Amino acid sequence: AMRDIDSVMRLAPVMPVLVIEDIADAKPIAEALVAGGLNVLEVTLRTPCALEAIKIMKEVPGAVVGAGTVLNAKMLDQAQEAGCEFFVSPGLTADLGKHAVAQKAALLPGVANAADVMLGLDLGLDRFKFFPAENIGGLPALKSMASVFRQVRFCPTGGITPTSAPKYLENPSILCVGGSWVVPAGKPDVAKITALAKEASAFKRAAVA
């Protein structure tokens, strides 16, 4: 079912993009985000501990944990074995997309141009990250792409801010945005993380009442 990732995208306005450099912060970070209503969590596989951080965050009730920076079929298998509910990649290859479809994995691949979208449509996928959004033309570029691909829906990620997120979310083709601002670099301050998540959780979306 390719509808799975579409449902996940509509659960929350903002999907935190987590880079967990200290594994001891994994549980407090997931707890603070879930407490703010941003329970759909992308744990990027950019760090040595990341699979163990995914297993820790899965222990938080209500956390919907996915793996990010899934670059190939082997990383998808390792993430799926760790119990990830969805998978995010910066871009799309035919090998990754065919493996995710064969494995029934809810993949949310990044796209930057029309050729990336067309490859995903050929694989049966029609939901994508627009990444890195602010470096590939931003909202005006996403609007031109959404105008061409009427059945596709998007999650812009890359340079999104609390100021620009509602502007992206006004577009009916945008289901959510990705961002790292909800977890500031440095030692986690769970009260500030929860407050930023509560604010992002309240963002209005044209696509989701």
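Just count from 1 along the sequence shown to find any residue number.
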The stretch carrying the higher mean Cα B factor in the deposited entry, 36-44 or 176-184, is 176-184
Ranked by mean Cα B-factor in the entry, 187-195 and 7-15, top stretch is 187-195
Based on the PDB entry, the highest CA temperature factor among the options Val64, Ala67, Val148, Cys49 is that of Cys49
Binned into thirds over the chain's modelled residues, the C-alpha B-factor of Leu119 lands in the lowest
Assert third(CA B-factor, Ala94) within chain per record equals lowest
Chain thirds by Cα B factor, record data; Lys74 belongs to the highest
Split the chain's modelled residues into thirds by Cα B-factor; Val88 lands in the lowest
So, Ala165's CA B-factor, relative to its chain, sits in which third? The middle
